[PDB]
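First up is the structure itself, then whatever we jot down about it.
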2 protein chains.
Amino acid sequence: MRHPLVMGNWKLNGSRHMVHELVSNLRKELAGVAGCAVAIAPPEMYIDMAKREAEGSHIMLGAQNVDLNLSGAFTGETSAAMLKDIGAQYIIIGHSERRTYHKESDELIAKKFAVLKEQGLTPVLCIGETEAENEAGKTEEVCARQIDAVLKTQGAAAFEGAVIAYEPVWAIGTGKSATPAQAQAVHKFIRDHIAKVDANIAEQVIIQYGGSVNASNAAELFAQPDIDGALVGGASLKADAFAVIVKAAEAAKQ
Amino acid sequence: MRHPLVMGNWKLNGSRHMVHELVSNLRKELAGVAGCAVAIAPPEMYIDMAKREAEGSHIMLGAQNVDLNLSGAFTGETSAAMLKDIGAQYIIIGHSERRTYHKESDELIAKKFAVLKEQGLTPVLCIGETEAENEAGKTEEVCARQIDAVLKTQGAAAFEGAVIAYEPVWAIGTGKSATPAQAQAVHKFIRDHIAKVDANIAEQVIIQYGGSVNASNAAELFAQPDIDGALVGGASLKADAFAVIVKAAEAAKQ
């Protein structure tokens, strides 16, 4: 029932030249793709440009973060109202890089979620456990805590039209691997957790895998019933590699 | 000897419609200005649009913040390389709103200053004391410390072509305001502080007043010898008001 979504998180990579080349190449590589939705999140200053270059394609826009205010005396902040105005749809919040580097709390990320829903934007809520948490067997505990920050304060209806990306931080560039079976176990837990509150809402949430995915990984991952796509890091900077993942998602969901 | 600079810090205010209207109005209101440089800092997502709207005018672009990395796996950050690529020149760092709301340290801001210099961008270094600091008589100690973060790590040569903006934070929302005499005493102190290290650099640094500046009070402030312009808040959102401030600077320094 769930239409897959593959989203490219460019992280801190981009330039006028790069945006033109990558978006152009993405359109070409994604020709004929109909069975998987596609979004990209360039650095904020390139969203407008990327949106322009994406005309004629099915590539949707997004962003890498948002702050809490819509307007006012908040020098250097990002407004959900302005993201909407410039045409970004899918807004990444709570990425592990921000939770760690910028000490973003569960409570803060939940507030970001609320402002996005209020504006009618799509949160891509990133959740996931550390090396120590995984080793301690606290995967489920951590994921539930990070989800509950929204679910307990905003209700199950907050997740209508929302996306969750599970990041196995313990497995990302660490020497440790996470299997499709292991990913499916977590995705299943996440959906079940929401279902305890509202089964209908749980059934429609898009749960993306945010761990390492490549051409060797994609088909086995996307065959899993509770994995609805992928939030892609480094591979999103190469049109061919990114399109391989998109096409694998399309093929797996048939 | 110093050519004034009036810069508009739009803060968290903007939309595509607003950018078009405001920049168009700015172009018209400022078309006959010769004796004052002008920069604007829209929200990050609108820099590209504003730069394109300003083409043909003397309105220079800027931004409200920058982070430390040029590229890499830093979701949601702002790159100095990208700010340059998109056409921003004048980069506000250490604004009181960011020192307070986002806990940015003196040391972090000095690091931002260094990254900007390496990219050939112009830092607009914001400094200023709080209500508690001002009441404790620590105006000079605080300004000196905030400047010293750069001065004692990068030398006076770092301030070549750079801009300082003094914000009396104690005057924000307190129902209080600095007189031109008070503002001038602080600007004179800042310049003398740099002159202790390099007198020639001190004489060429643009020191902007960053407290409340409007069409009404601009003339009296710009009559002061060590006030080289203004970092303007709310009045930067209305072209007519902003133009009065620019012209007052031109007239005062003519």
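The way I read the labels, and the way they are meant: chains A, B, ... in the order of the structure tokens, residue 1 as the first residue of every chain, and ligand 1 as the first ligand shown, with later ones counted on from there.
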Quiz prompt | Selection: 10 Å around stretch 53-61 of chain A, only C-alpha atoms, excl. self and same-chain fewer than 6 positions, as a PyMOL selection string | solution = chain A and resi 7-8+19-24+26-28+30-31+33-34+37-42+47+83+86-91
Self-check item: Contact residues (chain A, partner chain B, 10 Å, only C-alpha atoms) as a PyMOL selection string
Solution: chain A and resi 9-17+41-49+63-66+69-79+81-86+92-98+101-102+233-234
Let me see the file: selected residues, N, CA and C atoms, as a tab-separated table (two decimals), in the first residue's frame.
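Contents of result.tsv, freshly written:
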chain	number	residue	atom	x	y	z
A	9	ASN	N	20.13	13.18	1.05
A	9	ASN	CA	20.62	14.20	1.96
A	9	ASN	C	22.02	14.57	1.50
A	10	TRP	N	22.14	15.73	0.85
A	10	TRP	CA	23.44	16.16	0.29
A	10	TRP	C	24.41	16.54	1.39
A	11	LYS	N	23.89	16.76	2.60
A	11	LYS	CA	24.68	17.29	3.70
A	11	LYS	C	25.40	18.56	3.23
A	12	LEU	N	26.61	18.81	3.72
A	12	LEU	CA	27.31	20.06	3.41
A	12	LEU	C	28.11	19.93	2.11
A	13	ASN	N	27.39	19.79	1.00
A	13	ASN	CA	28.00	19.65	-0.32
A	13	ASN	C	27.11	20.35	-1.33
A	14	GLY	N	27.72	21.18	-2.17
A	14	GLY	CA	26.96	21.94	-3.15
A	14	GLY	C	27.69	23.17	-3.64
A	15	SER	N	27.34	23.57	-4.86
A	15	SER	CA	27.79	24.79	-5.50
A	15	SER	C	26.85	25.02	-6.68
A	16	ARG	N	26.86	26.23	-7.24
A	16	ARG	CA	26.07	26.51	-8.44
A	16	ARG	C	26.34	25.47	-9.54
A	17	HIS	N	27.62	25.22	-9.81
A	17	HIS	CA	28.01	24.25	-10.83
A	17	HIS	C	27.51	22.85	-10.49
A	41	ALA	N	17.68	17.10	-0.63
A	41	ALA	CA	17.87	18.17	0.34
A	41	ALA	C	19.26	18.80	0.17
A	42	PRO	N	19.37	19.82	-0.70
A	42	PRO	CA	20.64	20.53	-0.86
A	42	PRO	C	20.86	21.47	0.34
A	43	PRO	N	22.08	22.03	0.49
A	43	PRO	CA	22.25	23.08	1.49
A	43	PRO	C	21.24	24.20	1.23
A	44	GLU	N	20.80	24.86	2.29
A	44	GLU	CA	19.65	25.78	2.22
A	44	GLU	C	19.76	26.85	1.12
A	45	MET	N	20.96	27.41	0.95
A	45	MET	CA	21.14	28.47	-0.04
A	45	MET	C	20.93	28.00	-1.49
A	46	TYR	N	20.89	26.69	-1.72
A	46	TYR	CA	20.71	26.12	-3.06
A	46	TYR	C	19.32	25.52	-3.32
A	47	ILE	N	18.42	25.59	-2.34
A	47	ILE	CA	17.08	24.99	-2.49
A	47	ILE	C	16.33	25.63	-3.66
A	48	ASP	N	16.37	26.96	-3.72
A	48	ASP	CA	15.67	27.74	-4.74
A	48	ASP	C	16.21	27.35	-6.11
A	49	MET	N	17.53	27.38	-6.24
A	49	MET	CA	18.22	27.01	-7.48
A	49	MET	C	17.89	25.58	-7.91
A	63	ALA	N	14.85	20.04	2.71
A	63	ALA	CA	15.85	20.78	3.45
A	63	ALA	C	16.43	19.91	4.56
A	64	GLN	N	17.53	20.38	5.15
A	64	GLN	CA	18.31	19.57	6.09
A	64	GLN	C	18.04	19.87	7.56
A	65	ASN	N	17.26	20.93	7.81
A	65	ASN	CA	16.96	21.39	9.17
A	65	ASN	C	15.93	22.52	9.13
A	66	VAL	N	15.33	22.80	10.29
A	66	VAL	CA	14.46	23.96	10.49
A	66	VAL	C	14.61	24.43	11.94
A	69	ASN	N	10.91	29.32	14.91
A	69	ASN	CA	10.15	30.55	14.67
A	69	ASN	C	9.80	30.74	13.20
A	70	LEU	N	8.66	31.37	12.94
A	70	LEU	CA	8.26	31.61	11.54
A	70	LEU	C	8.84	32.92	11.01
A	71	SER	N	8.87	33.93	11.88
A	71	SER	CA	9.51	35.21	11.56
A	71	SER	C	9.93	35.89	12.85
A	72	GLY	N	10.66	37.00	12.72
A	72	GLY	CA	11.03	37.80	13.88
A	72	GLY	C	12.53	37.98	14.05
A	73	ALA	N	12.92	38.39	15.25
A	73	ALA	CA	14.30	38.81	15.51
A	73	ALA	C	15.17	37.61	15.89
A	74	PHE	N	15.44	36.77	14.90
A	74	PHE	CA	16.16	35.51	15.10
A	74	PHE	C	17.24	35.35	14.03
A	75	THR	N	18.29	36.16	14.16
A	75	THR	CA	19.37	36.23	13.19
A	75	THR	C	19.96	34.84	12.94
A	76	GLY	N	20.05	34.48	11.66
A	76	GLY	CA	20.68	33.24	11.24
A	76	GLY	C	19.82	31.98	11.31
A	77	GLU	N	18.57	32.11	11.74
A	77	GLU	CA	17.67	30.94	11.82
A	77	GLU	C	16.96	30.59	10.51
A	78	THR	N	16.35	29.40	10.48
A	78	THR	CA	15.62	28.89	9.32
A	78	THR	C	14.14	28.79	9.69
A	79	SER	N	13.30	29.38	8.85
A	79	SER	CA	11.86	29.43	9.09
A	79	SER	C	11.14	28.37	8.26
A	81	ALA	N	8.04	28.57	7.46
A	81	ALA	CA	7.24	29.34	6.51
A	81	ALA	C	8.03	29.64	5.24
A	82	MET	N	9.32	29.96	5.40
A	82	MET	CA	10.19	30.27	4.27
A	82	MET	C	10.58	29.04	3.46
A	83	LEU	N	10.79	27.91	4.14
A	83	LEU	CA	11.01	26.63	3.45
A	83	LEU	C	9.81	26.28	2.56
A	84	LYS	N	8.61	26.45	3.09
A	84	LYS	CA	7.38	26.26	2.31
A	84	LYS	C	7.31	27.20	1.10
A	85	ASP	N	7.64	28.47	1.33
A	85	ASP	CA	7.59	29.51	0.31
A	85	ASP	C	8.53	29.24	-0.87
A	86	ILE	N	9.68	28.66	-0.57
A	86	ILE	CA	10.72	28.42	-1.57
A	86	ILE	C	10.51	27.06	-2.26
A	92	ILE	N	14.22	17.37	6.79
A	92	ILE	CA	14.96	16.50	7.69
A	92	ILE	C	15.14	17.19	9.04
A	93	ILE	N	14.75	16.49	10.11
A	93	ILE	CA	14.95	16.97	11.47
A	93	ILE	C	15.49	15.86	12.36
A	94	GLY	N	16.34	16.23	13.31
A	94	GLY	CA	16.89	15.26	14.27
A	94	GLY	C	17.93	14.32	13.68
A	95	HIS	N	18.55	14.72	12.57
A	95	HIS	CA	19.63	13.91	11.99
A	95	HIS	C	20.69	13.70	13.06
A	96	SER	N	21.28	12.50	13.08
A	96	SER	CA	22.30	12.16	14.09
A	96	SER	C	23.43	13.18	14.15
A	97	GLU	N	23.80	13.74	13.01
A	97	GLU	CA	24.84	14.77	12.98
A	97	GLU	C	24.45	16.00	13.80
A	98	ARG	N	23.17	16.37	13.77
A	98	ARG	CA	22.69	17.51	14.56
A	98	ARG	C	22.45	17.17	16.04
A	101	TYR	N	26.50	16.84	17.06
A	101	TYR	CA	27.33	18.05	16.92
A	101	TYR	C	26.72	19.29	17.54
A	102	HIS	N	25.39	19.38	17.51
A	102	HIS	CA	24.71	20.60	17.91
A	102	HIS	C	23.80	20.38	19.11
A	233	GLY	N	22.86	9.23	2.13
A	233	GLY	CA	23.89	10.24	2.39
A	233	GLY	C	24.79	10.42	1.18
A	234	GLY	N	26.03	9.94	1.30
A	234	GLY	CA	27.05	10.11	0.26
A	234	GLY	C	26.66	9.74	-1.16
Quiz item: Do you have the atom CA of residue A:222-atom CA of residue A:131 distance handy?
Solution: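 Separation of atom CA of residue A:222 and atom CA of residue A:131: 24.4 Å.
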Quiz prompt | Residue contacts of residue A:181 (9 Å, only C-alpha atoms) excluding same-chain residues fewer than 4 positions away, as number ranges by chain | solution = A: 185-186, 220-221, 224
How about saving the chosen residues, C-alpha atoms kept, as a PDB file, in the first residue's frame?
ATOM      1  CA  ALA A 185      13.243  -5.821  13.028  1.00  0.00           C
ATOM      2  CA  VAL A 186      13.703  -2.149  13.974  1.00  0.00           C
ATOM      3  CA  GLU A 220      17.465  -7.073   0.026  1.00  0.00           C
ATOM      4  CA  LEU A 221      16.573  -4.024   2.151  1.00  0.00           C
ATOM      5  CA  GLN A 224      11.389  -6.054   3.698  1.00  0.00           C
TER       6      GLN A 224
END
Quiz prompt | Those of stretch 4-248 of chain A in DSSP helix (DSSP H, G or I), formatted as a ChimeraX atom specification | solution = /A:16-29,44-53,80-86,96-101,106-119,131-135,139-154,156-159,180-195,199-204,218-222,234-237,239-248
Neighbour list for residue A:250 as an mmCIF file with N, CA, C and O atoms, in the first residue's frame, cut-off 7 Å, only C-alpha atoms, skip fewer than 3 positions in-chain:
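Written file, selection10.cif:
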data_model
loop_
_atom_site.group_PDB
_atom_site.id
_atom_site.type_symbol
_atom_site.label_atom_id
_atom_site.label_comp_id
_atom_site.auth_asym_id
_atom_site.auth_seq_id
_atom_site.Cartn_x
_atom_site.Cartn_y
_atom_site.Cartn_z
ATOM 1 N N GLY A 35 7.392 4.416 -10.000
ATOM 2 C CA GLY A 35 6.960 3.685 -8.810
ATOM 3 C C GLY A 35 7.700 3.973 -7.514
ATOM 4 O O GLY A 35 7.590 3.210 -6.557
ATOM 5 N N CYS A 36 8.458 5.065 -7.480
ATOM 6 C CA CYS A 36 9.148 5.487 -6.258
ATOM 7 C C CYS A 36 9.273 7.003 -6.276
ATOM 8 O O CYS A 36 9.737 7.570 -7.264
ATOM 9 N N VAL A 246 17.001 4.310 -6.065
ATOM 10 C CA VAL A 246 15.620 4.625 -6.444
ATOM 11 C C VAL A 246 14.978 3.494 -7.259
ATOM 12 O O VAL A 246 13.869 3.046 -6.947
ATOM 13 N N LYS A 247 15.673 3.027 -8.295
ATOM 14 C CA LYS A 247 15.140 1.956 -9.142
ATOM 15 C C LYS A 247 14.973 0.628 -8.411
ATOM 16 O O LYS A 247 14.027 -0.126 -8.687
ATOM 17 N N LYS A 253 9.058 -2.871 -4.622
ATOM 18 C CA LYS A 253 7.670 -2.611 -4.257
ATOM 19 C C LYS A 253 6.727 -2.928 -5.415
ATOM 20 O O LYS A 253 5.506 -2.964 -5.239
ATOM 21 N N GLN A 254 7.318 -3.160 -6.590
ATOM 22 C CA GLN A 254 6.624 -3.616 -7.805
ATOM 23 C C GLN A 254 5.602 -2.647 -8.378
ATOM 24 O O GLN A 254 5.843 -2.034 -9.421
#
Exercise. Show which residues sit within 7 Å of residue A:149, as a list in words. Count only C-alpha atoms, and ignore same-chain residues fewer than 6 positions away.
Key: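 The residues that qualify are residues 106, 107 and 110 of chain A.
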Quiz item: Per DSSP on the backbone, what are the strand (DSSP E or B) residues of stretch 51-120 of chain B, as a list in words?
Solution: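 Output for stretch 51-120 of chain B, strand (DSSP E or B) only: residues 55, 57, 59, 60, 61, 62, 63, 72, 88, 89, 90, 91, 92 and 93 of chain B.
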Self-check item: Point-to-point distance from atom CA of residue B:5 to atom CA of residue B:189, Å rounded to tenths
Solution: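 Straight-line distance from atom CA of residue B:5 to atom CA of residue B:189 works out to 19.6 Å.
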Practice problem: Between A:191, A:118, A:129, A:4, single out the one closest to residue A:251, counting only C-alpha atoms. | Solution: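 Closest candidate: A:4.
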Self-check item: Contact residues around residue B:148 with only C-alpha atoms at 12 Å, ignoring same-chain residues under 2 positions, as a PyMOL selection string
Solution: chain B and resi 106-107+109-110+125+127+140-146+150-156+158-159+190+193-194+196-197
